[PDB]
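Q: After the structure tokens below, expect a handful of questions from me.
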2 protein chains.
Amino acid sequence: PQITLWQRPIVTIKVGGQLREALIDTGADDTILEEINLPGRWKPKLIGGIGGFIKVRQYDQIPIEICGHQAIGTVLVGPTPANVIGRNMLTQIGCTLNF
Amino acid sequence: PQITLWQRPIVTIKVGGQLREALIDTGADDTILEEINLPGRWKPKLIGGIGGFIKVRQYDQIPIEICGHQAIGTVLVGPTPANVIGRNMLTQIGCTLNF
Ligand SMILES: CC(C)CN(C[C@@H](O)[C@H](Cc1cccc(F)c1)NC(=O)O[C@H]1[C@H]2CO[C@H]3OC[C@@H]1[C@H]3C2)S(=O)(=O)c1ccc2nc(NC3CC3)sc2c1
């Protein structure tokens with residue numbers, strides 16, 4: 001679809017067999033999700049944003065469905081205040097900015 | 001223009017008579033700039049992101065030129081790690097997401 005920005009650009013995702021809402025976030029390089037149970041091995045990572053940093057679990061090669069489009073890539077799980085779909089996944093679904 | 005997301009979506013802005021680069025950030029409700037000298041009255045505000053919060057100065061009705069498009073609105077100034085153009089300004093320049 002086309003999404004205007006009068007409201008937060010929130011879409012439905014499926015990841016790890018679970019349904020969630022997440023923000024289409026062009027200011028995010030990576031995809032970060034609030035605590036969610038994902039299978040398999042992970043690596044601890046510190047990531048920075050406004051306010052400081054958080055510790056996340058990094059999962060690689062995780063399939064995700066983003067508003068009905070299929071992608072696979074790295075998902076970071078940790079105490080983010082919002083689920084954010086970043087550019088690592090947005091590039092796979094052909095998401096662009098236009099003005 | 002159309003902007004793809006293989007790189008950070010950084011554009012040139014003019015604000016307060018000064019030139020800066022800033023991220024087109026659909027995950028930002030507000031526009032937040034690193035320390036920059038803006039004229040006039042401001043109100044202290046605490047804002048939250050990944051990692052916690054920051055104290056910012058809120059300036060209202062600030063004109064900004066964003067990649068050659070004119071907008072006016074609230075700009076928050078504080079210790080953000082990145083200059084971000086949020087939805088309060090993006091809606092004025094007709095910025096949309098497409099996939
Ligand atoms: C700040 C930008 C620069 C980065 N962030 C993406 C922004 O869109 C976040 C999303 C957000 C929204 C809501 C609450 C939040 F806690 C966070 N918006 C945001 O903080 O908004 C703030 C601010 C703007 O106005 C209002 O609107 C929401 C809230 C409030 C005040 S990020 O989440 O820190 C992030 C994400 C992925 C990522 N991947 C990385 N990979 C390594 C380097 C390679 S680093 C990295 C850093």
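Convention: chains lettered A, B, ... in structure tokens order; per-chain residue numbering from 1; ligands numbered from 1 as shown.
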Could you list, as an MDAnalysis selection string, all the residues within 7 Å of ligand 1, counting only C-alpha atoms and all ligand atoms?

A: (chainID A and resid 25:32 47:50 80:82 84 86) or (chainID B and resid 25:32 47:50 81:82 84 86)

Q: Within 7 Å of chain A, which residues of chain B are there when counting only C-alpha atoms? Please give them as number ranges by chain.

A: B: 1-6, 23-27, 48-54, 80-81, 87, 91, 93-99

Q: Keeping only N, CA, C and O atoms, write the selected residues as an mmCIF file, in the first residue's frame.

A:
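What landed in result_39.cif:
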data_model
loop_
_atom_site.group_PDB
_atom_site.id
_atom_site.type_symbol
_atom_site.label_atom_id
_atom_site.label_comp_id
_atom_site.auth_asym_id
_atom_site.auth_seq_id
_atom_site.Cartn_x
_atom_site.Cartn_y
_atom_site.Cartn_z
ATOM 1 N N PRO B 1 11.432 14.081 -4.146
ATOM 2 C CA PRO B 1 11.976 12.849 -4.736
ATOM 3 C C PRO B 1 11.377 11.542 -4.191
ATOM 4 O O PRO B 1 10.643 11.583 -3.217
ATOM 5 N N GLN B 2 11.724 10.422 -4.812
ATOM 6 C CA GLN B 2 11.580 9.077 -4.200
ATOM 7 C C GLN B 2 12.911 8.752 -3.559
ATOM 8 O O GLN B 2 13.963 9.028 -4.149
ATOM 9 N N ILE B 3 12.895 8.155 -2.365
ATOM 10 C CA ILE B 3 14.094 7.764 -1.602
ATOM 11 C C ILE B 3 13.931 6.287 -1.245
ATOM 12 O O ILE B 3 12.946 5.923 -0.578
ATOM 13 N N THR B 4 14.870 5.457 -1.666
ATOM 14 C CA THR B 4 14.895 4.036 -1.268
ATOM 15 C C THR B 4 15.646 3.930 0.062
ATOM 16 O O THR B 4 16.186 4.941 0.565
ATOM 17 N N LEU B 5 15.669 2.745 0.650
ATOM 18 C CA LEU B 5 16.100 2.598 2.076
ATOM 19 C C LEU B 5 17.340 1.727 2.209
ATOM 20 O O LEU B 5 17.641 1.267 3.289
ATOM 21 N N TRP B 6 18.065 1.561 1.098
ATOM 22 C CA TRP B 6 19.350 0.835 1.137
ATOM 23 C C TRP B 6 20.391 1.571 1.983
ATOM 24 O O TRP B 6 21.303 0.961 2.537
ATOM 25 N N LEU B 23 17.714 12.881 9.224
ATOM 26 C CA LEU B 23 17.099 11.631 8.792
ATOM 27 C C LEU B 23 15.588 11.817 8.591
ATOM 28 O O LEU B 23 14.933 12.313 9.543
ATOM 29 N N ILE B 24 15.028 11.410 7.481
ATOM 30 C CA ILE B 24 13.556 11.284 7.284
ATOM 31 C C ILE B 24 13.124 10.081 8.128
ATOM 32 O O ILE B 24 13.570 8.934 7.855
ATOM 33 N N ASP B 25 12.407 10.305 9.228
ATOM 34 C CA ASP B 25 12.228 9.294 10.254
ATOM 35 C C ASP B 25 10.730 9.073 10.512
ATOM 36 O O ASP B 25 10.088 9.817 11.293
ATOM 37 N N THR B 26 10.132 8.107 9.815
ATOM 38 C CA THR B 26 8.674 7.838 9.973
ATOM 39 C C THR B 26 8.359 7.271 11.352
ATOM 40 O O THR B 26 7.154 7.264 11.708
ATOM 41 N N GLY B 27 9.334 6.799 12.109
ATOM 42 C CA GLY B 27 9.126 6.358 13.481
ATOM 43 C C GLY B 27 9.200 7.458 14.532
ATOM 44 O O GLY B 27 9.034 7.157 15.701
ATOM 45 N N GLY B 48 10.904 10.440 25.358
ATOM 46 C CA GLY B 48 11.380 9.056 25.497
ATOM 47 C C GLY B 48 11.669 8.419 24.161
ATOM 48 O O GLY B 48 10.959 8.627 23.194
ATOM 49 N N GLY B 49 12.653 7.554 24.156
ATOM 50 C CA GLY B 49 12.993 6.711 23.002
ATOM 51 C C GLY B 49 13.598 5.426 23.435
ATOM 52 O O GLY B 49 13.426 5.010 24.598
ATOM 53 N N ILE B 50 14.294 4.752 22.557
ATOM 54 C CA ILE B 50 15.054 3.535 22.916
ATOM 55 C C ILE B 50 16.177 4.033 23.840
ATOM 56 O O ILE B 50 16.933 4.978 23.486
ATOM 57 N N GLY B 51 16.303 3.445 24.974
ATOM 58 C CA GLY B 51 17.366 3.754 25.904
ATOM 59 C C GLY B 51 16.894 4.598 27.048
ATOM 60 O O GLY B 51 17.584 4.571 28.032
ATOM 61 N N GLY B 52 15.785 5.300 26.964
ATOM 62 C CA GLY B 52 15.342 6.158 28.075
ATOM 63 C C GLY B 52 14.896 7.497 27.580
ATOM 64 O O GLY B 52 14.327 7.599 26.510
ATOM 65 N N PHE B 53 15.134 8.530 28.340
ATOM 66 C CA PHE B 53 14.603 9.842 27.943
ATOM 67 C C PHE B 53 15.740 10.847 27.848
ATOM 68 O O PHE B 53 16.898 10.592 28.265
ATOM 69 N N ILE B 54 15.385 11.975 27.273
ATOM 70 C CA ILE B 54 16.269 13.164 27.217
ATOM 71 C C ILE B 54 15.437 14.387 27.542
ATOM 72 O O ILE B 54 14.235 14.423 27.249
ATOM 73 N N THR B 80 19.966 14.391 21.199
ATOM 74 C CA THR B 80 19.664 13.277 20.286
ATOM 75 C C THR B 80 20.966 12.840 19.618
ATOM 76 O O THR B 80 21.761 13.670 19.191
ATOM 77 N N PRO B 81 21.200 11.533 19.421
ATOM 78 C CA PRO B 81 22.359 11.084 18.642
ATOM 79 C C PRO B 81 22.232 11.332 17.123
ATOM 80 O O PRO B 81 23.212 11.201 16.425
ATOM 81 N N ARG B 87 7.070 13.114 11.858
ATOM 82 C CA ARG B 87 5.805 13.189 11.116
ATOM 83 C C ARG B 87 5.174 14.588 11.179
ATOM 84 O O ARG B 87 4.495 14.972 10.221
ATOM 85 N N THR B 91 4.383 15.303 7.201
ATOM 86 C CA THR B 91 3.000 15.470 6.679
ATOM 87 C C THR B 91 2.877 16.773 5.859
ATOM 88 O O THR B 91 2.191 16.764 4.831
ATOM 89 N N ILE B 93 5.151 18.263 3.961
ATOM 90 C CA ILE B 93 5.861 18.168 2.650
ATOM 91 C C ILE B 93 5.275 17.024 1.812
ATOM 92 O O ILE B 93 5.804 16.812 0.698
ATOM 93 N N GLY B 94 4.220 16.335 2.279
ATOM 94 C CA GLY B 94 3.521 15.330 1.448
ATOM 95 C C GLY B 94 4.281 14.012 1.379
ATOM 96 O O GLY B 94 4.127 13.239 0.435
ATOM 97 N N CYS B 95 5.093 13.706 2.383
ATOM 98 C CA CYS B 95 5.904 12.472 2.441
ATOM 99 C C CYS B 95 5.034 11.268 2.772
ATOM 100 O O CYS B 95 4.300 11.262 3.759
ATOM 101 N N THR B 96 5.164 10.236 1.952
ATOM 102 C CA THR B 96 4.428 8.981 2.085
ATOM 103 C C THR B 96 5.411 7.821 2.040
ATOM 104 O O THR B 96 6.505 7.954 1.501
ATOM 105 N N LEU B 97 4.976 6.711 2.616
ATOM 106 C CA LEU B 97 5.581 5.385 2.455
ATOM 107 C C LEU B 97 4.852 4.616 1.376
ATOM 108 O O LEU B 97 3.652 4.752 1.258
ATOM 109 N N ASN B 98 5.575 3.843 0.605
ATOM 110 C CA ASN B 98 4.987 3.056 -0.497
ATOM 111 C C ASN B 98 5.663 1.696 -0.561
ATOM 112 O O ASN B 98 6.867 1.655 -0.654
ATOM 113 N N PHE B 99 4.869 0.625 -0.619
ATOM 114 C CA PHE B 99 5.373 -0.723 -0.991
ATOM 115 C C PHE B 99 4.237 -1.591 -1.554
ATOM 116 O O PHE B 99 4.480 -2.723 -2.024
#

Q: One decimal, Å: what's the distance from CA of residue 14 in chain B over to CA of residue 63 in chain B, could you say?

A: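 According to the coordinates, CA of residue 14 in chain B and CA of residue 63 in chain B are separated by 8.6 Å.
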
Q: If we count only C-alpha atoms and set the cut-off at 9 Å, which residues sit around range 18-20 of chain B, ignoring sequence neighbours fewer than 6 positions away in its own chain? Please answer as a list in words.

A: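 What passes the distance filter is residues 11, 12, 36, 37 and 83 of chain B.
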
Q: Next, the residues of the selection above should be written as a compact mmCIF listing (two decimals), in the first residue's frame with N, CA and C atoms.

A:
# COMPACT_ATOMS: atom_id res chain seq x y z
N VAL B 11 18.61 13.85 4.34
CA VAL B 11 18.39 15.01 3.45
C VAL B 11 18.99 16.24 4.08
N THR B 12 19.12 17.26 3.26
CA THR B 12 19.58 18.58 3.74
C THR B 12 18.40 19.44 4.16
N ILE B 36 21.56 23.17 18.49
CA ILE B 36 21.51 24.17 17.41
C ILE B 36 20.93 25.42 18.04
N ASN B 37 21.47 26.57 17.65
CA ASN B 37 21.07 27.87 18.21
C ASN B 37 19.81 28.32 17.45
N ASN B 83 19.94 13.92 14.07
CA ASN B 83 18.89 14.86 13.69
C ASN B 83 17.79 14.11 12.95

Q: Could you write out, as a ChimeraX atom specification, all the residues of chain B that DSSP marks as helix (DSSP H, G or I)?

A: /B:87-90

Q: Grab the CA of residue 41 in chain B to CA of residue 66 in chain B distance for me, in Å with one decimal place.

A: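 Result for CA of residue 41 in chain B versus CA of residue 66 in chain B: 22.9 Å, one decimal.
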
Q: Could you find all residues in chain A that DSSP calls strand (DSSP E or B) from the backbone, and write them as an MDAnalysis selection string?

A: chainID A and resid 2:3 10:15 18:24 32:33 43:49 51:66 69:77 84:85 96:98

Q: Given the choices A:64, A:70, A:15, A:77, which gets closest to residue 43 in chain A if the distance is worked out from only C-alpha atoms?

A: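 Answer, going by the shortest atom-to-atom distance: A:77.
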
Q: Just the number, please: distance in Å from CA of residue 74 in chain A to CA of residue 39 in chain A, one decimal.

A: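 So the two atoms, CA of residue 74 in chain A and CA of residue 39 in chain A, lie 12.9 Å apart.
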